[PDB]
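We begin with a single chain expressed as structure tokens, specifically the form deposited in one PDB entry.
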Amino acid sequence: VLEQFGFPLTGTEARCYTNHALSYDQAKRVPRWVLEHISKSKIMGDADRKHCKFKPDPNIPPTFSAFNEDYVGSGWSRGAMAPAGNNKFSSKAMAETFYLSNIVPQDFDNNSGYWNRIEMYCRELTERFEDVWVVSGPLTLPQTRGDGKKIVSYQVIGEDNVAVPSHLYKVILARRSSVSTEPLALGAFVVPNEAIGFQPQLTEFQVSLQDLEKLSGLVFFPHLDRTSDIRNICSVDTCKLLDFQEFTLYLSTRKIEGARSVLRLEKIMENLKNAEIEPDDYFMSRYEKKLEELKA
């Protein structure tokens, strides 16, 4: 009798795509969590975000979907939780990361800077671990005022009132190999949704997993054996993001992956040379292999 006309629906079921899964927040119009698994093969290939378009997820009821009109002109950028750069292997997978079900309102500088560098480090880990799992998502955390009152405040944007998070979180779980007798590596990080420089190290944003679960109301990787050997990812690995020089270099390399015209190449080396940087052996070895191909 109680359930004669059904229980209310919260819409939090896991939604699976080609190379990520998420749970959606219908009230805030953003994901609660986005889970991915990266390996060196996934991050290679010819998929190109220039052929992709942000758009509502066709599997989300339109009443609870965000739309591009919510974001454009808002002063907030569209920030993908599963990044396009993790899906070079499949045009379909990359396009599915442009569904707004994967997007939160993100500070432009953060999206293009510190958070970008965290994503780059997650990819770097596949050079050292066979398997890497990442859960990313938004948070709206309280601030404590001087009188002890704790208050959650956040902006909502657009006709659809899309929630702008105060912070973003990432949980990284890395397994060296399938046969490894070695412990798993785990780290949880919470970063404010704002411009962050190159000075603060990633460890300054590290939190215990239990604290993140309390803050987010989520349980991550719930099948994990609690007596298994898990260590702090920042003690068995570096947790070292790219510095300015290496970040500018990396970006330039990503740009030599692409080739459109000569004068473009000119502008590239122009801005790069205004900041010195001696091309290290890697960017050179990757410079000739492409230069030859292009003049061919």
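Definition used throughout: the rigid core is the maximal C-alpha set that superposes within 1.5 Å between two forms. Start at 1 with the first residue shown and count on from there. Residues that one form lacks are left out of the comparison.
This protein has a second form, the form deposited in another entry, left out of what is shown; the following refers to that one.
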message = Can you tell which residue in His37, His51, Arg231, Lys255 has its CA shifted by 2 Å or more between this form and the one not shown when the core is superposed?
response = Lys255
query = Would the C-alpha of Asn68 be classed as shifted by 2 Å or more between this form and the one not shown after rigid-core alignment?
reply = no
message = After core superposition, I'd like to know whether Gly11 moves between this form and the one not shown (criterion: C-alpha shift of 2 angstroms or more).
response = no
request  = Spell out whether the Cα of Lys240 moves at least 2 Å between this form and the one not shown when the two forms are superposed on their rigid core.
outcome  = no
query = Closer or farther apart in that other deposited form, the C-alpha atoms of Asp109 and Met269, for a change of 3 Å or more?
reply = closer
message = Distance change of 3 Å or more between the C-alpha atoms of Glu270 and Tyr114 in that other deposited form: closer or farther compared with this structure?
response = closer
task = Using only residues present in both forms, find each stretch of at least 3 consecutive residues where all Cα shifts reach 2 Å or more between this form and the one not shown, with the core as the superposition reference, and list them in order along the sequence.
result = 226-228, 252-288
